[PDB]
């Protein structure tokens, strides 16, 4: 009688059982991630509803997986058979914007882009800008510690989580973290929630840190290359010069030429960089970045004196994944290695394609060494699927061999549990099982993702 207690606790408008409606609430954009039919999909109204849902599911031992917008790429939000999917679509209000403290308090259902537009009205700015910003929730960004494009100079979500309110344990609603500028009272439990991917609790309200709007001119330094190796050597060349570019992205040829077909290519690798320093200070730095592209392999390495053709190339970098998803199933990998390993990793990925006869596109946050190789899977050719799945295990192990990480921003979820286990090791994993057990003694919060419990 799980659905019976839920309706009797939070009403009927907050429980859904139509197998047709629950279809889309149990899987995210991560393809090949298994997902089964959940027992019911709850859409709570406020923290009180979530507290009751967690309490009921805790006693009955029913797995509950929180869901934001369902734009994950590792199946972290995917629901298991009989689970209770908690959709925060109804908790989508920005509660306050304190201009003196320069902080904002939002609900987990808020959309990233919507949040940024609201704070910009008060002259503030929320730096984190994931490619899925137009559709991802702040709840998801906090659960997966999502990153963005400008995170090479302003950090990721974790760098802006001051405090939060979460439902944990048997249904206790607690307020973790702080709201002032400095606080060390107790443990960093608020930070412990960030990057947990909903395996330790449920965030019902988060307090974010803000910054003044950049109200300025973005000097773009555009560069083209003919090889992923040379272009990789240039990104490291700028980082060795000691420059902190406000953006440094790589878009191979296969990816950029596809976006044109959708929305309507000087070289093989397009290295897009940009700086945001005011006045000539930025122009001086943007010029320095240009030389780094020219000194290395340089094809059409020119600084952009146009505020739109620059912005048009960057809008293509954002529409790279959705432009290729319409082109068929797309398997994506997220590794992050040291900046000095970008050339070795780029040439190592390209080599991985020839060994398994699999064409692999490349886009990566060159500023942080976070590579995103994307493979478009042709339908009908199972060997290509199999060859790409084994190449999947080569790029991962190769990134761990140079000292990288199995995931940089997308989250372990399900499609990266193998690599995550090899990176963390038995001791680190054992600590995860212990931590999750103390804060989730019922084992109901998204059990089985990131790491396994046995």
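Numbering follows the first chain given and starts at 1.
The entry models residue 264 and residue 265 with a gap of 4 to 9 deposited residues left without coordinates. Note on 395-403 vs 57-65: mean CA B-factor is higher in 57-65. Taking the PDB entry as given, 301-309 carries the higher mean Cα B factor of the two stretches 301-309 and 90-98.
Out of 173, 352, 256, 374, the entry records its largest CA B-factor for 256.
Highest C-alpha temperature factor among 337, 270, 166, 331 per the entry: 270. In the PDB entry, a CA B factor belonging to the middle third of its chain's modelled residues is recorded for residue 435. Compared with the other modelled residues of the chain, the Cα B-factor recorded for residue 205 ranks in the lowest third. In the deposited entry, the Cα temperature factor of residue 117 sits in the middle third of values across the chain's modelled residues. Residue 293: CA B factor in the highest third of modelled residues in this chain (values from the PDB entry). Ranked by C-alpha B-factor against the other modelled residues of its chain, residue 154 falls in the lowest third.
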